[PDB]
Amino acid sequence: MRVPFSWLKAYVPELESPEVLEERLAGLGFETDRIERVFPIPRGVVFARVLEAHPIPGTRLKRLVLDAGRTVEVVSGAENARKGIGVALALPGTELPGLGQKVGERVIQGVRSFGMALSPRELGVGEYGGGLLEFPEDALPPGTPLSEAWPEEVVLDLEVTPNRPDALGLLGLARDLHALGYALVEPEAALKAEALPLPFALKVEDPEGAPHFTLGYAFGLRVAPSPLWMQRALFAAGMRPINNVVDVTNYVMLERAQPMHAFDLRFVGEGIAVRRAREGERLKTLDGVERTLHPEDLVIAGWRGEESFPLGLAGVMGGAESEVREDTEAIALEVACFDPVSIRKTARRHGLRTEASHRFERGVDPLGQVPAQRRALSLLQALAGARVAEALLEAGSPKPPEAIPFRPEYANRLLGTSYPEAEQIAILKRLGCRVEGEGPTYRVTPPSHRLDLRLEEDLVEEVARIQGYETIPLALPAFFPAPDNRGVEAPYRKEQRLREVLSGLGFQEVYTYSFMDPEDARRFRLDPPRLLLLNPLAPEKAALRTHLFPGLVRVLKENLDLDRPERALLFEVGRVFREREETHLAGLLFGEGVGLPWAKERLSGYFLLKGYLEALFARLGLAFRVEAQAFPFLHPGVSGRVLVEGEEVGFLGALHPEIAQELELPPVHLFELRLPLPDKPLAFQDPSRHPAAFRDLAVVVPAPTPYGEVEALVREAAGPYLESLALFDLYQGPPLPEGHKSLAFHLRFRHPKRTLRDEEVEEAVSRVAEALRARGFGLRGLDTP
Amino acid sequence: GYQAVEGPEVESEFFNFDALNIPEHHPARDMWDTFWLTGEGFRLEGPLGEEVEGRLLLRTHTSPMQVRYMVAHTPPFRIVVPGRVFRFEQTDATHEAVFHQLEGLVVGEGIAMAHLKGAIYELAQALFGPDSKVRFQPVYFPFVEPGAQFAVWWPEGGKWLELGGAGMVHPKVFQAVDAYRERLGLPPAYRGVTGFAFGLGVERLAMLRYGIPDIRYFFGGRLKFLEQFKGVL
Amino acid sequence: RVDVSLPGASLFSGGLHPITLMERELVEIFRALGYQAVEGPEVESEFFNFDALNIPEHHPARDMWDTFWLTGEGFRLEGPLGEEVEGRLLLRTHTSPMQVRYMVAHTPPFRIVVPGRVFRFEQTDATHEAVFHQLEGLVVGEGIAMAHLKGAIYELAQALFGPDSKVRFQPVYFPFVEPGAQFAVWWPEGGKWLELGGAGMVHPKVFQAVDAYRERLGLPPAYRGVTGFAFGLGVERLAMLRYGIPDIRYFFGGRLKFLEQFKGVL
Ligand SMILES: [Mg+2]
């Protein structure tokens, strides 16, 4: 909302300056996006009266003869250059802001043009450039410089929130500043009506979508250009002046956030009918577009006998036919409150957004209609010398706002302030509220234009913004939290340590979008996405990720192309969506690996990633194990399932080569788990102060037998005295019976209370040897010191 | 004294809009550019593990979690809920569709706006020093009244930084909480309490505090960018 | 074929000492109550360790602490404001001295917690050590009262042992507090009251020492109209009964077979 300074100043006469006004408005809750300066009019631009306009033969140009103090002539091809109007003449020599060039006397089709009449755009007072500025013929003495009648203006571009629709009118803003202490000069409706019947009637066919409608009658109209003061005001407001009557309606709308429209009686017929549009009903709206009304569009319609025609789109835009033009002599003034919801839908529907719809969606003073009529009518009388009928046609009866109970004590209790009772009630009163009661609990009834004042809290905010948020003191609360809130953060804390332990080990954190390309479910061989968007940013972002890894893999490629990393070890914790929303942990290792830079021997791939994971798991103090199992996306030969504390939580393996090939990537190893991991408490086990007993043994096993199965066997059989079991050698070849391998194991037996007798170790290593062979395994070695 | 609790990214319109006083066809709804979701066989569960029914969406703010918390816990308490939020927008050097917010909520007998100004004051002091000062101005939010926006005087940048919003929880938010508690068989707990809440953007801080010029780096996943933050604890 | 169950490369995995875990657990509890952790020197001067804290020469109270005295030339002990502090050197018998060092260098209000290693000349047994750790707190400000002390310890109990935990206070004597007290927590799962530590309201003479010394260094006095409370507790005692460590001698015993058991504890 452009709030033109000199205009607002007409209601709040004491405003210090635009800079102060901006500061004032900030504290009231309105922030200005910018402050522009606007009418730098040169002295070379003068006011001239067009005495006669002669067409130049064989051209579309005209030779205007102007009284500009001296009689000069100007050539113009403007569709509206005509005698009997005032124009802004740019005398030769004038440098123009708008056309950026210098105006000069010049020969045009046989006539020497002394300068040029200007369009809103060339003068720089507006964007419109389709015609000459039209001032009343006698606005000023021919020759007197425009600047003198059209001074610069400072315009503030305010942000006006949805809760304050009343601020979409300058008077609305003025009443707020008034509560601060400024003087309010409300304009008076100087009307001289005359009792006579209205020549038309009103029929509201939908009082649900038009709860209050009023029509006024003005006749004997003399449509002409608006006074310079009204032209300047409208231009500053971001609006272009049309003529006498249409301008009054734009001026009063901005003045009070009450859109209104004048209809030429000629097109009304017998009366106005507010009703819904009929199927396929059409309307050529002001914009020139012939639209097709939808059955849910509220419409202002006129009827004649048994015909009802659309005159305009209710509270959005008027028809181009009934628009007030030059020959119009009598009109019907529409001033009403429409249902926000209805106007909203119709506006969206037709892709329209006008100053009218804009204010109707937010809301309008349910009882401001009549006063708006008197204001506009009064001006029409003053500007277009209209004769105005006394009676108005009114439909609807809105109930005034309801009273709200106010406890000054509670106001202070909620803010933590201590503004005195009296001081609070005076604020409420300055704002226009009617306060009833003697206290402690008052009955405060808000003005009809403050749609936002319904609860007591609403009222306490009023005391606060007028007193100033700066006046609210600082303080800290002290209390014991209710029992169920204790320990409430354990989870968040647990996951945050997980990330920390991960970065500690050496993993680099990555953030990836929650969105997934549906096609990827294919590229990676996963079940399709369960949640898809109805309004995606793009097709490749049309689904919610079911897995984490696909994304990591992509950022990996993206990195390789931009920079050529020799290696990477990433990790990500994030939400994943499938059946239920769940948190996952996933990582990926790629590249050369770990080792001496200046040497070739390196640790890498599967067993390196499995290392960082076993390391990770010892720190979390959990039991970790990998059993082989196939996964569509994994590589058959390097694919396994992760078993944390005995349960399957995810996988680990090498990316399937085919997927690798399609995406042009080198091999990559990765894993994905489902958080939160099991929680295992501390069971302190007092270590034995007695010496361990060592023993080495090898097991001959058929090549396909998994190391994990052997390990479990030796372990389960070793007894309660086994302390450590470790694999030190993996061999398979001669003279080992072919198709077999050997697993070397360092074992350690330790008895808690006392030292072990050799017969105990021996007998124990026998239970292993026994069950080892009962499974069909051989003993390449045992009882080695 | 604030505890951190997280909430789901995929929410229901009830918790994200309706309970927080932001209804259908209402100007306020326009403040949030929602990503709506469709999908069969997805279970969204409410505060007490109940199947919550509503039209699904990606949360446009963390606020819903504050209703989920209130229905499942009893006052007094102080919570902070960090989280990823989504908005349908065209991603530019200072705009993202996916970003993070952090919202707080303190509820109890006697909590007043003074206590809200005090918390943000402590936030400013901690982020930017003793010579830091906060500023509050009126603004509108459907779920708080009074409502406000706060800015911190960043002394080294010599300028006021607009950090976020805050206000006193709206009467209608507490009614929604209890009414829903009653629906699940829980006795009401928010009858005689007051409370304040604030919410702020993380990226905004992170950028001006670590000097990151483009908000698009955050989700860009470039190792050459991320590695620079290895030294930051 | 690649055997996925084969052990991967053997990278090392660390762990933290039981005492660091426990100390960390207590500091975060108090951080949530607005307390900041500051540390102090292990080698102290008799002034800060005894004299300023109202524990004078040849006085029964001095017998409560079995001091290790120190001798050594060319050692610089520096006071709160980097000044050379003169006194007879010793290994601190408690962390309390740091509370005087803090007060002389800072102005109220504030809340602090100072964890630290302390020494006492004693014969080390299954429940006695000569070197162990304490954690002391101090809150000073206008209007701080004993009710606030009972509240803090209450919050400590709730955090360590649950909502069904309750604290108990009884009178006891300390030269540096009046009133003075000892506190115990109802450990519901152990079904018994645990004596945790001491506490009380800072003694008038401790504030006088602080200001008098501030004045000596050119600082204006700051503890004239304030009150304050302080408490102090043993870490090993908690650590043992919370992690189930039977012998206090394990802590400094350095046995990897003992320490490794606490790898999983965060
Ligand atoms: Mg309000």
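- In its metadata, the entry names X-ray crystallography as the structure determination method and reports 2.9 Å as the resolution.

**So, the overall build of chain A**
Inference 1: Across its full length, chain A carries 19 helices and 42 strands.
Inference 2: Compactness check: chain A gives a C-alpha radius of gyration of 43 Å against a globular reference of 28 Å for 785 residues, more than 25% above the reference.
Inference 3: Dimensions of chain A, computed from C-alpha atoms along their principal axes, come out at roughly 130 × 80 × 55 Å.
Inference 4: Sorting the 785 residues of chain A into buried and exposed places 53% on the buried side.
Inference 5: In chain A, the share of contacts with a sequence separation of at least 24, taken over all contacts with a separation of at least 6, comes to 67%.
Inference 6: Here chain A has roughly 35100 Å² of accessible surface; of this, 50% comes from carbon and sulfur atoms.
Inference 7: Counting 93 positive and 114 negative side-chain charges, chain A places the averaged centre of each group 2 Å from the other.

**Examining the environment of A:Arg278**
Residues and elements named next belong to chain A.
Inference 1: Within the secondary structure layout, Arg278 lies in the loop between β15 (271-276) and β16 (282-284).
Inference 2: Accessibility expressed as a relative area gives 42% for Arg278, which makes it partly exposed.
Inference 3: With 19 residues separating them in the primary sequence, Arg278 and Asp297 have C-alpha atoms 8.8 Å apart.
Inference 4: Look past the residues within four positions of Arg278 in its chain and what remains in contact with it is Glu205 and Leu293.

**Some thoughts on helix α4 (residues 171-183) of chain B**
All names here are of chain B.
Inference 1: For α4, with 13 residues, the first-to-last C-alpha span of 19 Å sits near the 18 Å given by 1.5 Å per residue.
Inference 2: Buried within α4 are the following residues: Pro171, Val173, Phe174, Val177, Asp178, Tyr180 and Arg181.
Inference 3: One or two residues past the end of α4 sits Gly185, with phi positive at roughly 90°.

**Let's talk about empty space enclosed by the protein**
All names here are of chain A.
Inference 1: In this structure the tally under the stated criterion is two cavities of 30 Å³ or more.
Inference 2: The volume enclosed by the largest cavity comes to roughly 110 Å³.
Inference 3: As for the largest cavity, its lining consists of 14 residues, of which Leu28, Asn163, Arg164, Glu461 and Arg465 are closest to the centre.
Inference 4: The biggest single contributor to the lining of the largest cavity is helix α12 (residues 456-467), with three residues.

**Brief notes about the sheet that holds strand β2 (residues 43-45) of chain C**
All names here are of chain C.
Inference 1: One open sheet accounts for three strands, arranged β2-β4-β3; its pairing is antiparallel. Every other strand in the sheet has two partners, leaving β2 and β3 (68-69) as the edge strands with one partner each.
Inference 2: Where β2 meets strand β4 (residues 89-91), three bridges bridge the pair, whose relative direction is antiparallel. Within β4, the residue paired with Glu44 across the bridge is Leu90.

**Concerning the interface of chain A and chain B**
Inference 1: Taken together, the contact pairs 75 residues of chain A with 77 residues of chain B.
Inference 2: Around 6700 Å² of area is buried between chain A and chain B when both sides are counted, 60% of it from carbon and sulfur atoms.
Inference 3: Ranking the residues of chain A by area buried against chain B places A:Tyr469, A:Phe479 and A:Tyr513 at the top, with a combined share of 10%.
Inference 4: Where chain A packs against chain B, one counts five salt bridges.
Inference 5: The partner of B:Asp30 in a salt bridge is A:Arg344, with the nearest N and O atoms 3.6 Å apart.
Inference 6: Linking chain A to chain B there are 30 residue pairs in polar contact.
Inference 7: Residue composition of the side of chain A that touches chain B, by class: 39 nonpolar, twelve polar and 24 charged.
Inference 8: Relative to strand β3 (residues 35-38) of chain B, strand β29 (residues 532-533) of chain A is paired through two bridges, and the arrangement is antiparallel. Across the sheet, residue A:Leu533 finds its bridge partner in β3(B), namely B:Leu37.

**Section: the coordination of the magnesium ion**
Inference 1: The protein atoms that coordinate the magnesium ion are A:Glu461 (OE) and B:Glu145 (OE), at distances spanning 2.4 Å. One end of the pair, A:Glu461, is in helix α12; the other, B:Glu145, is in strand β8 (residues 144-154), on a second chain. Comparing A:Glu461 with B:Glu145, the two get one shared label, buried.

**Brief notes about the pairing of strand β10 (residues 227-234) of chain C**
Residue and element names in this part refer to chain C.
Inference 1: In terms of burial, β10 is a largely internal element, six of the eight residues being buried.
Inference 2: Inspection of the sheet shows strand β9 (residues 192-202) paired to β10 by five bridges, in the antiparallel sense. Residue pairing for β10: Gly198 is matched across the bridge by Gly232.

**Examining the pattern of salt bridges**
Residues and elements named next belong to chain A.
Inference 1: Tallied over the entire structure, the rule returns 96 salt bridges over all chains.
Inference 2: The residue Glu614 makes a salt bridge to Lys610 at a minimum N-O spacing of 3.7 Å. In this pair, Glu614 and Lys610 are both assigned in helix α16 (residues 606-619), four residues apart and thus about one turn of the helix distant.
Inference 3: When its relative accessible area of 26% is taken as the criterion, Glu614 is described as partly exposed.
Inference 4: A relative accessible area of 4% places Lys610 in the buried class.
Inference 5: One continuous salt-bridge network, built from bridges that share partners, spans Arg164, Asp166, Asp176, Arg450, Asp452, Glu462 and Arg465.

**Describing the nonpolar core**
One broad trend across soluble globular proteins is that nonpolar side chains are buried collectively.
Inference 1: Formed by 57 residues in total, the largest nonpolar core has its most connected members in A:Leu8, A:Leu25, A:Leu177 and A:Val245.
Inference 2: For this core, the secondary structure elements donating two or more residues are α1 (5-8), α2 (18-28), β10 (154-159), α4 (170-179), α5 (228-236), α6 (244-256), β21 (330-337) and α9 (369-384) of chain A.
Inference 3: A total of seven residues in this core trace back to one element, the largest contributor, which is α6(A).
Inference 4: Listed in part, the 48 residues of the second largest apolar core include A:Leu531, A:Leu544, B:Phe17 and B:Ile22.

**Focus on the UniProt feature "binding site: Mg(2+)" in chain A**
Inference 1: Under the present numbering, the feature "binding site: Mg(2+)" in UniProt falls on A:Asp452, A:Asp458, A:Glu461 and A:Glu462. If you take the residues mentioned a moment ago, the ones lining the largest cavity come down to A:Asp452, A:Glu461 and A:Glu462.
Inference 2: Structurally, the position occupied by A:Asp452 is in the loop between β26 (442-445) and α12.
Inference 3: Leaving out residues up to four positions away in the same chain, A:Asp452 has contacts with A:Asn163, A:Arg164, A:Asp458 and A:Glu462.
Inference 4: Looking at A:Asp452, its side chain comes within polar contact range of the side chain of A:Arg450, at 2.7 Å.
Inference 5: Looking at where A:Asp458 falls in the secondary structure, it is placed in helix α12.
Inference 6: Look past the residues within four positions of A:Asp458 in its chain and what remains in contact with it is A:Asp452, A:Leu453 and B:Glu145.
Inference 7: Of the polar contacts made by the side chain of A:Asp458, one reaches the backbone nitrogen of A:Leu455; its length is 2.9 Å.

Reading guide: rules and limits
- Residues numbered from 1 in each chain as written, not as in the entry; some residues may be left out.
- Chains lettered and ligands numbered in written order.
- Part of a larger assembly, values for the part shown.
- Heavy atoms only, no water.
- Helix = DSSP H or I, 4+ residues; strand = E, 2+ residues; numbered from the N terminus.
- Rg over C-alpha atoms; globule rule 2.2 N^0.38 Å.
- Buried < 20%, exposed > 50% of the residue type's maximum accessible area, 1.4 Å probe, protein only.
- Contact = heavy atoms within 4.5 Å.
- Areas by Shrake-Rupley, 256 points an atom, 1.4 Å probe, with all protein chains shown as cover.
- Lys, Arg positive; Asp, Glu negative; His and termini not counted.
- Charge placed at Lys NZ, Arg CZ, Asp CG, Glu CD.
- Expected span 1.5 Å × (residues − 1).
- 1 Å grid on protein atoms, 1.4 Å probe; cavity = no way out; pocket = protein on both sides within 12 Å on 5 of 7 lines; lining within 4 Å.
- Points joined across faces, edges and corners; volume = space filled by probe spheres on them.
- Pairing = 2+ DSSP bridges.
- Buried area = accessible area lost by both parts, 1.4 Å probe.
- Salt bridge = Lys/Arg side-chain N within 4 Å of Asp/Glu carboxyl O.
- Polar contact = N/O pair within 3.5 Å; in protein donor to acceptor, adjacent residues only side chain to side chain.
- Nonpolar A, V, L, I, M, F, W, Y, C, P; charged D, E, K, R; others polar.
- Donors = N, O, S within 2.8 Å, 3.2 Å for Na, K, Ca; no water.
- Core = buried A, V, L, I, M, F, W, Y, C linked by side-chain atoms within 4.5 Å.
- UniProt positions renumbered as here; feature names shortened; annotations may be inferred.

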